[PDB]
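Undergrad: need the 3D shape of this:
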Amino acid sequence: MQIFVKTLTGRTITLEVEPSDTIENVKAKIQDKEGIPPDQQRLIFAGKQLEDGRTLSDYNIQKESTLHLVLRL
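TA: Residues are numbered from 1 along each chain as shown. The protein structure is shown below:
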């Protein structure tokens, strides 16, 4: 399924994911597409900071949902 990742720069990238995918794997996908190292990535959805070990389905992230990417040093 397609999801959107909104960056602070104002740019939004599209990811192809499955609800069974872990947050860690999503961050890996972001690295492959944009080159941002996972340890610098903070993902936000529905006011929650997403935890690496959990899956997208755990957070009820549906298709065409938008995640917010904030970078930590």
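
Undergrad: how many residues are close by residue 24?
TA: 15 (other CB atoms under 10 Å). The way it works is simple: take the backbone N, C-alpha and C, and place the C-beta from them, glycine included.

Undergrad: what are the contacting residues of whichever helix or strand it is part of?
TA: If you go by DSSP states H and E, residue 24 is part of helix 23-34. With contact meaning CB atoms under 8 Å, 6 or more residues apart in numbering, helix 23-34 is reached by 5, 7, 13, 15-17, 36-38, 41, 43, 50-56, 67, 69.

Undergrad: show me how to select, in ChimeraX, the buried members of those.
TA: Selection of buried members from the contacts of helix 23-34 for ChimeraX, criterion 16 or more other CB atoms under 10 Å:
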select :5,15,17,41,43,50,55,56,67,69
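
Undergrad: count the neighbours of residue 73 for me.
TA: 4.

Undergrad: that one reaches residue 40, doesn't it?
TA: Yes - contact criterion CB atoms under 8 Å: residue 73 and residue 40 qualify, at 7.0 Å.

Undergrad: narrow the contacts of helix 23-34 to those in strands?
TA: 5, 7, 13, 15, 16, 41, 43, 67, 69 (DSSP state E).

Undergrad: might one say that the second one is in contact with residue 69?
TA: Put plainly, it is residue 7. Yes - the pair residue 7 / residue 69 is scored as a contact, 5.0 Å apart, by CB under 8 Å.

Undergrad: tell me how many other residues surround residue 11.
TA: Neighbours of residue 11 (other CB under 10 Å): 10.

Undergrad: what's the local residue count around the closest residue to residue 51 other than its chain neighbours?
TA: In space, and not counting its chain neighbours, residue 51 is closest to residue 23: 6.1 Å by CB to CB, 6 or more residues apart in numbering. If you count neighbours by other CB under 10 Å, residue 23 ends up with 23.
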